Amino acid sequence: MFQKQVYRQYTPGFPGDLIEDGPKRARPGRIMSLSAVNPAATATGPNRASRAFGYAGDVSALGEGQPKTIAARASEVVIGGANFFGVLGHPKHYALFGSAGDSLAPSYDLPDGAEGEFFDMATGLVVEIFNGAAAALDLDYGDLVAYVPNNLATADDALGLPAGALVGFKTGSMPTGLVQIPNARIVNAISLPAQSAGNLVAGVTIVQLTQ
Amino acid sequence: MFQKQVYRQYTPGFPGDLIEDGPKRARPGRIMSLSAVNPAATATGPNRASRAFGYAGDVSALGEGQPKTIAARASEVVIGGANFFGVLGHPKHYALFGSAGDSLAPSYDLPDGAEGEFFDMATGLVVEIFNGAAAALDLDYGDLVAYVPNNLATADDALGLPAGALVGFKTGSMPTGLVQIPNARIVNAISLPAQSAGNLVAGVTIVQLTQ
Amino acid sequence: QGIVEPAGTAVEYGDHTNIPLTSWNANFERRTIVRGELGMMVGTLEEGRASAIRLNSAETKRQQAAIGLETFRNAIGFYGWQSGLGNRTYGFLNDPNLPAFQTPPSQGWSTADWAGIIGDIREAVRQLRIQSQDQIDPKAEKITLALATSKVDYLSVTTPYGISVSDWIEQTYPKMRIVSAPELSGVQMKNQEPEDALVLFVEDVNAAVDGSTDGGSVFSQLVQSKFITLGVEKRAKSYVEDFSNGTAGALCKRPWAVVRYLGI
Amino acid sequence: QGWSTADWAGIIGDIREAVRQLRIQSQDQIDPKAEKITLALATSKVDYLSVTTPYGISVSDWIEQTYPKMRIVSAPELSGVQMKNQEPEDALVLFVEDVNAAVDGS
Amino acid sequence: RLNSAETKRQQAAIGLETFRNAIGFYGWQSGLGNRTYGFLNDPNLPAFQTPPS
Amino acid sequence: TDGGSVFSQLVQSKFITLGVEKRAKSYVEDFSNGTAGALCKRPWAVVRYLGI
Amino acid sequence: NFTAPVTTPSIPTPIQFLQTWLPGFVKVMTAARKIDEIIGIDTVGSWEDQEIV
């Protein structure tokens, strides 16, 4: 939308980009549509970057006759998930793919059946963080993070939250229905304002230590 | 000079040094004077190397007027913090600065406002260990480590343990007032004698795996 | 850096009288050096996709590494680094050996006429001439005016007869140099509004005038390096590069040649 | 508040403030004296540039000599812009024509 | 890295110059009876006055 | 990367001349030397008795 | 079990190194002498003389 203000310095980084170099683990995968989930999904959302994903199944069979050919090792994932399969990242790898209203529009969404890179271990990862309980929250250096499941009950989801959004919380208190990513730390302090249903603040970009 | 005894072998390493090569993580920081803490420090000590340090705040503002320039991303640390930040190490980085009496005197502490490197992950790190139970203790290969906070009550600190010393303990016999470091192991054998207040045996430096 | 400070006094001459002698006495000062770091990483497929839109990914990231380090160095030049914590770095606006800020005769250049603005500069030069006892002549001394970007446009204030502030400055002080900087706009945040600053100082003092072994250099910027390549690490599908720089801040060596105003 | 019922110095201050904003919005990256700035102004207020001091200095002479590269244009669409409580408000727009490639790496 | 002899010699020269300048501005022992006098201390001078402003 | 020797005597100079002053009926000469004592670099190889 | 060192742990590099000394020296300036620019200078007599008439 063009630069309407001149600042003294540039932004540290963008969500989905690695910000520090160190030990790292990532695997490829393919995306399943939410409609294919058998017990139906109570929480829905797009396949947006910088959001958690869950394991779905194995698609390495590649055949239908009596002798099958296993020529590759592949896995497929779902946006919400209950079996953690990393966080989507590295936006420079993919393409715009266009948008519904018009192409050439900014978006982090990815179509179903596309291939992405999901990070399990990362020294520094810029992500988009959310807030729970609809109250002002200060994270500071060492809080934990969790992500919304597909099957989150509507009672525990009063604030409309995406399918796989990342939510930070203090050690003592955690929202009732969430899945905690083991051994993850906030690393970068951040403050978030109060929230309301339908008017959730998107939060601010933040560094992450996935493992 | 100063060598009055001859032993059969060399020491494996010195505290604050890397003893093995592998995955590792470190961050820089600036040390805050312990007197700056508001609720006061019940446990005190110097900024000795191979001691745990805690996050204190952000000092990246770098300005005094209405607009400020965020030139760098820097973190500010204190000798003892509830949020774990790292362990000071790599003594070759710093300068001696002598001592109050005369220069060229052995010193092993850093002054306030100085930089340092703190470790969050290390395959092998030599650190000094302490006994927190005032009794004989044998650690063995697989154990856990913890560090003293400043807000440790004197009732739980009958032994005069320093501000940020590291304490080893068994799986189910952790002291009452310490803070555990997740996924930390001793990965080496060591034995400590009986202990008493005022006659605190400093223990023996031992290898330790941070993460 | 050091100081010389000679001493000695003379008496009347005599054939068989005692001979007076001279001596000296020195002192020293210290500062600290700070280092910065910044790097980059590029993958194989990222470059291929970037070339589709006619953009060089590796070169763009390399340029930002140099720019990011320059911003770190530039900020230290104006404000000290961790001066509150105890680090002895300091900067242009934070040096301890400075004459300290003052309130100008005119309350502010805003809502001030031609006479008010011209009076402020005259007083600053008078203090500079009083402080150094006729050692420097402002007519032919090559003095520098710092000023601020929010106040640099007030030099075009004109009288009803067409005479402007800049006309008087050029004729009275032909060798004066005028600059500006955004970092001098918001300085101390007096009540609820930023306060613009004005710094007047001499660029250099002649060796014959003083006798110092070094140059004049009233203000000096201590830079160890501006851009150093640490190394390149090559991996299977990517490579990483590192860069660094060093600086020590600003040092004021002759505090008697500086005049500064706090409020506009 | 308004160029109407304003003297020569008052009108000059408004033009000075507009030039100051350009040097402030961009952090001292462009100097207005060598940028070929264009002044939009309004039809109902373009005639106020002829205000003169008793000595004989006009507003237009000050602009034409201090900023030789400035261009003055008039347009009727800028007379009634926002249609205030009961009167129209005349607008004034100041902008730079071109930006050099040395200023920014575009 | 400092030469003491050169510094002392320069200081001696500067002190002699200062003495000469002081004698030039103010006379030497004019009250005692010595006839040296100076720019601002000559006994036969029209004496100071006060300006209108 | 040293000569060992356990003990060492640190002597800056044995004999140097300062200057000569000549007078009407005599002259004077001055001399000087410097030393720093003894240093024991390997105290693990010394056995000493106070009596006997 | 880890053996005992024979020397006290310490930071190796003393601060007397790692220092850069600027080549110059700053000298005190004091006031100026300007009698010659006011009244000029003239050589009349010689050293070891007495009076001028």
# chains A, B, ... in the order shown; residues from 1 in each chain; ligands from 1
call {"tool": "closest_atom_pairs", "arguments": {"of": "chain F", "to": "chain B", "cutoff": "7 Å", "atoms": "only C-alpha atoms", "output": "tab-separated table"}}
result
residue	atom	partner	partner_atom	distance
F:41	CA	B:1	CA	4.5
F:42	CA	B:1	CA	5.6
F:43	CA	B:4	CA	5.7
F:44	CA	B:4	CA	4.6
call {"tool": "write_last_selection", "arguments": {"atoms": "C-alpha atoms", "output": "PDB file, in the first residue's frame"}}
result
ATOM      1  CA  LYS F  41      60.025 -20.865  38.665  1.00  0.00           C
ATOM      2  CA  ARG F  42      59.605 -24.546  39.657  1.00  0.00           C
ATOM      3  CA  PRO F  43      59.089 -24.787  43.436  1.00  0.00           C
ATOM      4  CA  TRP F  44      58.317 -28.526  43.187  1.00  0.00           C
TER       5      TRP F  44
END
call {"tool": "interface_residues", "arguments": {"of": "chain D", "to": "chain A", "cutoff": "8 Å", "atoms": "only C-alpha atoms", "output": "tab-separated table (two decimals) with C-alpha atoms, in the first residue's frame"}}
result
chain	number	residue	atom	x	y	z
D	25	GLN	CA	8.36	13.82	6.94
D	26	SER	CA	11.46	12.58	5.13
D	27	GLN	CA	14.21	12.26	7.72
call {"tool": "residues_around", "arguments": {"residues": "range 245-258 of chain C", "least_positions_apart": "3", "cutoff": "9 Å", "atoms": "only C-alpha atoms", "output": "PyMOL selection string"}}
result
(chain C and resi 1+31-37+69-70+73+76-81+89-92+95-99+128-129+131-132+199-202+216-228) or (chain G and resi 26)
call {"tool": "residues_around", "arguments": {"residues": "range 12-22 of chain F", "least_positions_apart": "3", "cutoff": "7 Å", "atoms": "only C-alpha atoms", "output": "ChimeraX atom specification"}}
result
/F:26-35
call {"tool": "select_by_dssp", "arguments": {"residues": "chain G", "states": "helix (DSSP H, G or I)", "output": "PyMOL selection string"}}
result
chain G and resi 35-39
call {"tool": "write_last_selection", "arguments": {"atoms": "N, CA and C atoms", "output": "CSV table (one decimal), in the first residue's frame"}}
result
chain,number,residue,atom,x,y,z
G,35,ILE,N,50.2,42.6,22.4
G,35,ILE,CA,50.6,44.0,22.5
G,35,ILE,C,51.2,44.4,21.2
G,36,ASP,N,51.9,43.5,20.4
G,36,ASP,CA,52.5,43.9,19.2
G,36,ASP,C,51.5,44.3,18.1
G,37,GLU,N,50.3,43.6,18.1
G,37,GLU,CA,49.3,44.0,17.1
G,37,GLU,C,48.7,45.3,17.5
G,38,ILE,N,48.8,45.8,18.8
G,38,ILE,CA,48.2,47.0,19.2
G,38,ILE,C,49.2,48.2,18.9
G,39,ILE,N,50.4,48.1,19.3
G,39,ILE,CA,51.3,49.2,19.2
G,39,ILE,C,52.6,48.9,18.4
call {"tool": "interface_residues", "arguments": {"of": "chain C", "to": "chain A", "cutoff": "9 Å", "atoms": "only C-alpha atoms", "output": "PyMOL selection string"}}
result
chain C and resi 41+45-46+49-50+68+71+240
call {"tool": "residues_around", "arguments": {"residues": "range 127-144 of chain A", "least_positions_apart": "6", "cutoff": "8 Å", "atoms": "only C-alpha atoms", "output": "JSON list (two decimals) with C-alpha atoms, in the first residue's frame"}}
result
[["chain", "number", "residue", "atom", "x", "y", "z"],
["A", 14, "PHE", "CA", 8.72, -11.23, 8.92],
["A", 15, "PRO", "CA", 6.70, -14.22, 10.19],
["A", 16, "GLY", "CA", 7.75, -17.58, 8.79],
["A", 50, "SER", "CA", 3.33, -19.76, 10.49],
["A", 51, "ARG", "CA", 0.66, -22.08, 11.92],
["A", 159, "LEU", "CA", -13.32, -16.24, 21.01],
["A", 165, "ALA", "CA", -3.22, -20.53, 15.52],
["A", 166, "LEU", "CA", -0.35, -20.35, 18.01],
["A", 167, "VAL", "CA", -1.24, -19.08, 21.49],
["A", 168, "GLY", "CA", 1.21, -18.10, 24.22],
["A", 169, "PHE", "CA", 0.42, -18.55, 27.90],
["A", 170, "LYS", "CA", 2.03, -18.28, 31.32],
["A", 171, "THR", "CA", 3.34, -21.34, 33.15],
["A", 175, "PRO", "CA", -6.62, -22.27, 28.36],
["A", 180, "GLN", "CA", 1.07, -27.67, 24.24],
["A", 184, "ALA", "CA", 9.13, -24.27, 23.24],
["A", 185, "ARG", "CA", 9.93, -20.83, 24.65],
["A", 186, "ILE", "CA", 8.86, -17.27, 23.88],
["A", 187, "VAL", "CA", 12.43, -15.88, 23.81],
["A", 188, "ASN", "CA", 11.23, -12.39, 22.78],
["A", 189, "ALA", "CA", 9.09, -10.29, 25.10],
["A", 190, "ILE", "CA", 5.80, -8.94, 23.76],
["A", 191, "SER", "CA", 2.62, -7.24, 25.00],
["A", 192, "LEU", "CA", -0.89, -7.85, 23.67],
["A", 193, "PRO", "CA", -4.04, -5.77, 24.21],
["A", 194, "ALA", "CA", -7.46, -6.95, 25.36],
["A", 195, "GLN", "CA", -9.59, -9.01, 22.98],
["A", 196, "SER", "CA", -13.22, -9.71, 22.16],
["A", 201, "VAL", "CA", -6.13, -8.66, 17.84],
["A", 202, "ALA", "CA", -3.73, -10.38, 15.45],
["A", 203, "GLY", "CA", -0.82, -9.91, 17.84],
["A", 204, "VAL", "CA", 2.72, -8.93, 16.93],
["A", 205, "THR", "CA", 5.51, -10.88, 15.26],
["A", 206, "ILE", "CA", 7.71, -12.70, 17.76],
["A", 207, "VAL", "CA", 10.80, -14.90, 17.78],
["A", 208, "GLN", "CA", 10.43, -18.56, 18.73],
["B", 55, "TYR", "CA", 16.44, -12.47, 32.02],
["B", 83, "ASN", "CA", 13.32, -17.08, 33.83],
["B", 84, "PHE", "CA", 16.43, -19.00, 32.80]]
call {"tool": "atom_distance", "arguments": {"atom1": "CA of residue 37 in chain A", "atom2": "CA of residue 155 in chain A"}}
result
20.6 Å
call {"tool": "atom_distance", "arguments": {"atom1": "CA of residue 12 in chain G", "atom2": "CA of residue 229 in chain C"}}
result
26.7 Å
call {"tool": "atom_distance", "arguments": {"atom1": "CA of residue 3 in chain F", "atom2": "CA of residue 3 in chain G"}}
result
27.9 Å
call {"tool": "closest_atom_pairs", "arguments": {"of": "chain G", "to": "chain B", "cutoff": "9 Å", "atoms": "only C-alpha atoms", "output": "CSV"}}
result
residue,atom,partner,partner_atom,distance
G:1,CA,B:190,CA,6.0
G:2,CA,B:11,CA,6.6
G:3,CA,B:11,CA,5.6
G:4,CA,B:11,CA,6.8
G:5,CA,B:11,CA,6.4
G:6,CA,B:3,CA,5.8
G:7,CA,B:2,CA,6.8
G:8,CA,B:106,CA,6.7
G:9,CA,B:108,CA,6.6
G:10,CA,B:108,CA,4.9
G:11,CA,B:96,CA,5.1
G:12,CA,B:96,CA,6.5
G:13,CA,B:95,CA,5.3
G:14,CA,B:96,CA,4.6
G:15,CA,B:97,CA,5.1
G:16,CA,B:97,CA,8.0
G:18,CA,B:95,CA,8.7
call {"tool": "write_last_selection", "arguments": {"atoms": "N, CA, C and O atoms", "output": "mmCIF file, in the first residue's frame"}}
result
data_model
loop_
_atom_site.group_PDB
_atom_site.id
_atom_site.type_symbol
_atom_site.label_atom_id
_atom_site.label_comp_id
_atom_site.auth_asym_id
_atom_site.auth_seq_id
_atom_site.Cartn_x
_atom_site.Cartn_y
_atom_site.Cartn_z
ATOM 1 N N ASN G 1 37.441 -36.738 41.551
ATOM 2 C CA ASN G 1 37.347 -37.581 40.366
ATOM 3 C C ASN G 1 37.800 -36.832 39.119
ATOM 4 O O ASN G 1 38.245 -37.438 38.144
ATOM 5 N N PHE G 2 37.690 -35.506 39.161
ATOM 6 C CA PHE G 2 37.984 -34.658 38.016
ATOM 7 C C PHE G 2 39.375 -34.039 38.095
ATOM 8 O O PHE G 2 39.722 -33.214 37.245
ATOM 9 N N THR G 3 40.172 -34.423 39.100
ATOM 10 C CA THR G 3 41.524 -33.918 39.337
ATOM 11 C C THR G 3 41.486 -32.434 39.702
ATOM 12 O O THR G 3 40.533 -31.727 39.362
ATOM 13 N N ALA G 4 42.509 -31.950 40.404
ATOM 14 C CA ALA G 4 42.546 -30.578 40.872
ATOM 15 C C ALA G 4 43.591 -29.786 40.101
ATOM 16 O O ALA G 4 44.729 -30.253 39.949
ATOM 17 N N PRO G 5 43.255 -28.601 39.598
ATOM 18 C CA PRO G 5 44.253 -27.788 38.897
ATOM 19 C C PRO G 5 45.308 -27.255 39.852
ATOM 20 O O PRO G 5 45.074 -27.104 41.054
ATOM 21 N N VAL G 6 46.489 -26.970 39.297
ATOM 22 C CA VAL G 6 47.582 -26.413 40.090
ATOM 23 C C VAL G 6 47.636 -24.894 40.035
ATOM 24 O O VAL G 6 48.442 -24.287 40.757
ATOM 25 N N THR G 7 46.810 -24.259 39.207
ATOM 26 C CA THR G 7 46.779 -22.811 39.091
ATOM 27 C C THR G 7 45.357 -22.313 39.306
ATOM 28 O O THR G 7 44.381 -23.017 39.034
ATOM 29 N N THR G 8 45.253 -21.089 39.802
ATOM 30 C CA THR G 8 43.950 -20.492 40.069
ATOM 31 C C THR G 8 43.266 -20.121 38.757
ATOM 32 O O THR G 8 43.894 -19.497 37.896
ATOM 33 N N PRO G 9 42.002 -20.498 38.563
ATOM 34 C CA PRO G 9 41.289 -20.079 37.350
ATOM 35 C C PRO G 9 41.214 -18.563 37.248
ATOM 36 O O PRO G 9 40.985 -17.866 38.238
ATOM 37 N N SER G 10 41.403 -18.056 36.032
ATOM 38 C CA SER G 10 41.422 -16.616 35.813
ATOM 39 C C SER G 10 41.226 -16.324 34.334
ATOM 40 O O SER G 10 41.386 -17.199 33.480
ATOM 41 N N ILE G 11 40.873 -15.078 34.049
ATOM 42 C CA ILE G 11 40.812 -14.601 32.662
ATOM 43 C C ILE G 11 42.234 -14.383 32.152
ATOM 44 O O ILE G 11 43.041 -13.731 32.838
ATOM 45 N N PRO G 12 42.592 -14.902 30.974
ATOM 46 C CA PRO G 12 44.014 -14.900 30.591
ATOM 47 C C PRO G 12 44.567 -13.531 30.228
ATOM 48 O O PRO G 12 45.689 -13.204 30.632
ATOM 49 N N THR G 13 43.823 -12.719 29.480
ATOM 50 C CA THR G 13 44.392 -11.516 28.882
ATOM 51 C C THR G 13 44.301 -10.342 29.847
ATOM 52 O O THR G 13 43.189 -9.947 30.221
ATOM 53 N N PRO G 14 45.423 -9.759 30.268
ATOM 54 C CA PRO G 14 45.360 -8.557 31.105
ATOM 55 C C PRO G 14 44.942 -7.335 30.301
ATOM 56 O O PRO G 14 45.129 -7.265 29.085
ATOM 57 N N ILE G 15 44.372 -6.355 31.009
ATOM 58 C CA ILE G 15 43.876 -5.140 30.365
ATOM 59 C C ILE G 15 44.981 -4.157 30.016
ATOM 60 O O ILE G 15 44.714 -3.157 29.337
ATOM 61 N N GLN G 16 46.218 -4.400 30.456
ATOM 62 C CA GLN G 16 47.303 -3.499 30.079
ATOM 63 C C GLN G 16 47.617 -3.603 28.592
ATOM 64 O O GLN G 16 48.078 -2.629 27.987
ATOM 65 N N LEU G 18 45.664 -4.770 24.783
ATOM 66 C CA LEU G 18 44.346 -4.501 24.206
ATOM 67 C C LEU G 18 43.997 -3.016 24.260
ATOM 68 O O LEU G 18 42.824 -2.640 24.210
#
call {"tool": "select_by_dssp", "arguments": {"residues": "range 31-191 of chain A", "states": "strand (DSSP E)", "output": "MDAnalysis selection string"}}
result
chainID A and resid 31 52:58 75:78 84:88 115:121 124:125 127:130 137:138 144:147 166:169 179:180 191
call {"tool": "interface_residues", "arguments": {"of": "chain C", "to": "chain D", "cutoff": "10 Å", "atoms": "only C-alpha atoms", "output": "PyMOL selection string"}}
result
chain C and resi 148-154+156-162+180-183+185
call {"tool": "residues_around", "arguments": {"residues": "residue 22 in chain E", "least_positions_apart": "6", "cutoff": "10 Å", "atoms": "only C-alpha atoms", "output": "PyMOL selection string"}}
result
(chain E and resi 16+28+38) or (chain G and resi 33+35)
call {"tool": "interface_residues", "arguments": {"of": "chain E", "to": "chain C", "cutoff": "10 Å", "atoms": "only C-alpha atoms", "output": "PyMOL selection string"}}
result
chain E and resi 2+4-5+7-19
call {"tool": "residues_around", "arguments": {"residues": "range 45-51 of chain G", "least_positions_apart": "6", "cutoff": "12 Å", "atoms": "only C-alpha atoms", "output": "short mmCIF file (atom, residue, chain, number, x, y, z; two decimals) with N, CA and C atoms, in the first residue's frame"}}
result
data_model
loop_
_atom_site.label_atom_id
_atom_site.label_comp_id
_atom_site.auth_asym_id
_atom_site.auth_seq_id
_atom_site.Cartn_x
_atom_site.Cartn_y
_atom_site.Cartn_z
N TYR C 13 67.28 39.09 35.58
CA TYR C 13 68.59 38.54 35.24
C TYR C 13 69.66 39.01 36.22
N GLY C 14 70.65 38.15 36.43
CA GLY C 14 71.81 38.50 37.23
C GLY C 14 72.97 37.59 36.88
N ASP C 15 74.18 38.10 37.10
CA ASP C 15 75.37 37.33 36.76
C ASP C 15 75.56 36.15 37.71
N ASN E 34 61.34 53.23 39.25
CA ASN E 34 61.84 52.80 37.95
C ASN E 34 60.98 53.38 36.84
N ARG E 35 61.62 53.87 35.79
CA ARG E 35 60.93 54.53 34.68
C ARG E 35 60.83 53.55 33.51
N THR E 36 59.81 52.69 33.57
CA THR E 36 59.52 51.76 32.49
C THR E 36 58.17 52.05 31.85
#
call {"tool": "interface_residues", "arguments": {"of": "chain B", "to": "chain A", "cutoff": "12 Å", "atoms": "only C-alpha atoms", "output": "VMD selection string"}}
result
chain B and resid 22 to 27 54 to 59 61 63 67 to 77 81 to 86 120 to 122 181 to 183 211
call {"tool": "write_last_selection", "arguments": {"atoms": "N, CA, C and O atoms", "output": "compact mmCIF listing (two decimals), in the first residue's frame"}}
result
# COMPACT_ATOMS: atom_id res chain seq x y z
N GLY B 22 29.40 -30.30 19.19
CA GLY B 22 28.11 -30.75 18.74
C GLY B 22 27.13 -29.61 18.63
O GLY B 22 27.52 -28.44 18.53
N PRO B 23 25.83 -29.92 18.62
CA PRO B 23 24.82 -28.86 18.62
C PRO B 23 24.96 -27.97 19.84
O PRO B 23 25.20 -28.45 20.95
N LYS B 24 24.80 -26.67 19.63
CA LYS B 24 24.93 -25.71 20.72
C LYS B 24 24.18 -24.44 20.37
O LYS B 24 23.93 -24.15 19.19
N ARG B 25 23.82 -23.68 21.40
CA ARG B 25 23.11 -22.42 21.25
C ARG B 25 23.62 -21.44 22.30
O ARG B 25 23.85 -21.82 23.45
N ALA B 26 23.79 -20.18 21.89
CA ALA B 26 24.26 -19.16 22.81
C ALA B 26 23.71 -17.81 22.39
O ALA B 26 23.35 -17.59 21.23
N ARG B 27 23.64 -16.89 23.35
CA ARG B 27 23.17 -15.54 23.13
C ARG B 27 24.00 -14.56 23.94
O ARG B 27 24.53 -14.93 25.01
N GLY B 54 19.63 -14.96 34.69
CA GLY B 54 18.22 -14.82 34.37
C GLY B 54 17.93 -13.55 33.60
O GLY B 54 18.65 -12.56 33.70
N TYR B 55 16.86 -13.61 32.81
CA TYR B 55 16.44 -12.47 32.02
C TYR B 55 15.92 -11.36 32.93
O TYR B 55 15.27 -11.62 33.95
N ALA B 56 16.20 -10.11 32.55
CA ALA B 56 15.82 -8.97 33.38
C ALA B 56 14.99 -7.95 32.61
O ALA B 56 14.07 -7.35 33.17
N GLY B 57 15.30 -7.76 31.33
CA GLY B 57 14.56 -6.80 30.54
C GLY B 57 15.26 -6.52 29.22
O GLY B 57 16.26 -7.15 28.88
N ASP B 58 14.70 -5.56 28.49
CA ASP B 58 15.21 -5.14 27.19
C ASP B 58 15.82 -3.75 27.30
O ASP B 58 15.23 -2.86 27.92
N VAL B 59 16.99 -3.58 26.70
CA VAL B 59 17.74 -2.33 26.82
C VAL B 59 18.09 -1.81 25.42
O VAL B 59 19.06 -1.08 25.23
N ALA B 61 16.39 0.31 23.55
CA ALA B 61 15.74 1.56 23.16
C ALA B 61 16.74 2.54 22.56
O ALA B 61 16.53 3.05 21.45
N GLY B 63 17.92 5.78 23.27
CA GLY B 63 17.46 7.12 22.98
C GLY B 63 16.95 7.80 24.23
O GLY B 63 16.78 7.17 25.28
N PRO B 67 11.28 10.38 19.75
CA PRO B 67 11.63 9.25 18.90
C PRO B 67 12.92 8.58 19.34
O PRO B 67 13.88 9.24 19.75
N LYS B 68 12.93 7.26 19.27
CA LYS B 68 14.10 6.47 19.65
C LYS B 68 14.47 5.54 18.51
O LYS B 68 13.61 5.09 17.75
N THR B 69 15.76 5.25 18.41
CA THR B 69 16.30 4.41 17.34
C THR B 69 16.57 3.02 17.89
O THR B 69 17.37 2.85 18.81
N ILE B 70 15.90 2.02 17.32
CA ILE B 70 16.11 0.62 17.72
C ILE B 70 17.28 0.12 16.87
O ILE B 70 17.12 -0.51 15.83
N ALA B 71 18.49 0.41 17.34
CA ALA B 71 19.68 0.10 16.56
C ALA B 71 19.99 -1.39 16.57
O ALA B 71 20.33 -1.97 15.53
N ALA B 72 19.87 -2.03 17.73
CA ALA B 72 20.24 -3.43 17.88
C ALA B 72 19.18 -4.16 18.69
O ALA B 72 18.24 -3.56 19.23
N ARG B 73 19.33 -5.48 18.76
CA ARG B 73 18.49 -6.34 19.58
C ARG B 73 19.36 -6.90 20.70
O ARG B 73 20.14 -7.84 20.48
N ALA B 74 19.22 -6.34 21.90
CA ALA B 74 20.06 -6.69 23.02
C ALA B 74 19.21 -7.10 24.21
O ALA B 74 18.07 -6.65 24.36
N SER B 75 19.77 -7.96 25.06
CA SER B 75 19.09 -8.44 26.25
C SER B 75 19.93 -8.13 27.47
O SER B 75 21.16 -8.09 27.41
N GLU B 76 19.25 -7.90 28.59
CA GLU B 76 19.89 -7.51 29.84
C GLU B 76 19.55 -8.55 30.90
O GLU B 76 18.39 -8.94 31.04
N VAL B 77 20.57 -9.00 31.63
CA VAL B 77 20.45 -10.17 32.49
C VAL B 77 20.87 -9.82 33.92
O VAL B 77 21.53 -8.81 34.17
N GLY B 81 17.60 -15.25 38.11
CA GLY B 81 16.29 -14.94 37.59
C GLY B 81 15.40 -16.16 37.57
O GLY B 81 15.86 -17.29 37.40
N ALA B 82 14.10 -15.92 37.77
CA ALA B 82 13.12 -16.99 37.63
C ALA B 82 13.12 -17.54 36.21
O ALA B 82 13.06 -18.76 36.00
N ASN B 83 13.19 -16.66 35.21
CA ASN B 83 13.32 -17.08 33.83
C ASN B 83 14.78 -17.37 33.51
O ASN B 83 15.63 -16.49 33.65
N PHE B 84 15.06 -18.59 33.08
CA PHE B 84 16.43 -19.00 32.80
C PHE B 84 16.88 -18.42 31.46
O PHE B 84 16.15 -18.50 30.47
N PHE B 85 18.08 -17.85 31.44
CA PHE B 85 18.64 -17.25 30.23
C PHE B 85 19.88 -17.96 29.72
O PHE B 85 20.10 -17.99 28.51
N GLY B 86 20.71 -18.50 30.60
CA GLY B 86 21.89 -19.21 30.15
C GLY B 86 22.92 -19.30 31.25
O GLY B 86 22.70 -18.86 32.39
N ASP B 120 22.51 -21.95 26.22
CA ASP B 120 21.26 -22.67 26.42
C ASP B 120 21.34 -24.13 26.00
O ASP B 120 20.55 -24.94 26.49
N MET B 121 22.26 -24.47 25.11
CA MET B 121 22.43 -25.84 24.65
C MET B 121 23.92 -26.10 24.46
O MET B 121 24.63 -25.26 23.91
N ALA B 122 24.38 -27.26 24.93
CA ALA B 122 25.78 -27.63 24.81
C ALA B 122 25.91 -29.13 25.00
O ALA B 122 25.39 -29.68 25.97
N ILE B 181 16.38 -26.97 35.71
CA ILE B 181 16.68 -26.69 34.31
C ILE B 181 16.21 -27.89 33.49
O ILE B 181 16.78 -28.99 33.65
N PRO B 182 15.20 -27.74 32.63
CA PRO B 182 14.67 -28.90 31.91
C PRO B 182 15.70 -29.53 30.98
O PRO B 182 16.54 -28.84 30.39
N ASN B 183 15.63 -30.85 30.86
CA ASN B 183 16.44 -31.62 29.92
C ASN B 183 17.94 -31.38 30.13
O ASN B 183 18.70 -31.19 29.17
N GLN B 211 21.27 -29.38 27.11
CA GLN B 211 20.04 -29.79 26.42
C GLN B 211 20.30 -30.89 25.40
O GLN B 211 19.39 -31.32 24.69
call {"tool": "interface_residues", "arguments": {"of": "chain E", "to": "chain G", "cutoff": "8 Å", "atoms": "only C-alpha atoms", "output": "PyMOL selection string"}}
result
chain E and resi 18+21+24-25
